[PDB]
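Chains as they are written, first to last, in the authors' numbering: chain A, 350 to 438; chain B, 1329 to 1417.
Every residue, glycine too, gets a C-beta built ideally from N, C-alpha and C.
The next block holds one structure in the form of structure tokens; read it before the comments.
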Ligand SMILES: Nc1ncnc2c1ncn2[C@@H]1O[C@H](COP(=O)(O)OP(=O)(O)OC[C@H]2O[C@@H](O)[C@H](O)[C@@H]2O)[C@@H](O)[C@H]1O
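See below:
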């Protein structure tokens, strides 16, 4: 799975927690980064939704092999192709 | 330390002139009634006064020349007359 940086809500909150160690995720940090990007519906979040999304983001960023960020390099803004090839390999 | 002016000035007496500054605080709710949120912390509301020749908002705090009605010395005309003593209780 390749995520694209500078795109939207869920993309940015996955892309920020890419290179982080797996134990360094705090459930406080999740809702902190969540409510700024979800600032339209940030107040619509409950604690059970926060712990579910924290568990899911944890179990995703565990498997570091199967994920890549596009990084939105934005100096050439080359293609999706350069990302998709490394995410294949 | 030193201030640069000898004397009493516009103060009542020498030394300290004792006064009480009360503050009222409450939370700031959204359209739903939940707490509005900052980046991390929350939003707070205080009740302030503006005098016609002060050109400034300030706390309703009075000189502690009377004992218990020093908030009333700030807020007899502001708060109430009889219910003011109840809120002072
Ligand atoms: N900590 C302070 N910070 C800023 N200004 C101050 C402070 N303390 C006093 N002042 C200013 O000093 C001036 C004289 O002080 P007082 O008159 O003793 O203060 P107070 O009794 O709280 O204000 C009386 C108010 O009634 C009006 O007639 C007059 O315009 C004044 O705003 C006031 O205009 C007040 O704005």
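By the rule of a C-beta closer than 6 Å to any heavy atom of ligand 1, the residues picked out are B:1379, B:1381, B:1382. If you ignore the 5 residues before and after residue 1416 (chain B), its C-beta comes within less than 8 Å of the C-beta of 1396, 1397, 1399, 1400, all in its own chain and listed in chain order. By the Cβ test, the region 402 to 419 of chain A is in contact with the region 364 to 382 of chain A, since at least three Cβ pairs between them sit closer than 8 Å. Distance check between residue 1353 (chain B) and each of B:1347, B:1368, B:1372 places B:1372 closest, using alpha-carbon atoms only. Closest in C-alpha terms to residue 434 (chain A), from the list A:391, A:419, A:376, A:357, comes A:419.
A contact is defined here as three or more CB-CB pairs under 8 Å, and the region 408 to 415 of chain A meets this definition with respect to the region 360 to 374 of chain A. In the structure shown, the three-state DSSP call for residue 360 (chain A) is helix. In the assembly as shown, residue 1362 (chain B) is an exposed residue. Its beta-carbon has fewer than 16 other beta-carbons within 10 Å. Residue contact with chain A for residue 1386 (chain B): absent (no Cβ-Cβ distance below 8 Å to any residue of chain A). For residue 1363 (chain B), the beta-bridge partners assigned by DSSP are B:1357.
Rounded to whole angstroms, residue 1329 (chain B) and residue 1346 (chain B) show a C-alpha spacing of 19 Å. For residue 1391 (chain B), DSSP records a beta bridge to B:1347. Secondary structure note for residue 1398 (chain B): its alpha helix (DSSP H) is the uninterrupted segment 1398 to 1403. Contacts between residue 385 (chain A) and chain B, judged by CB atoms closer than 8 Å, involve 1367 in chain order.
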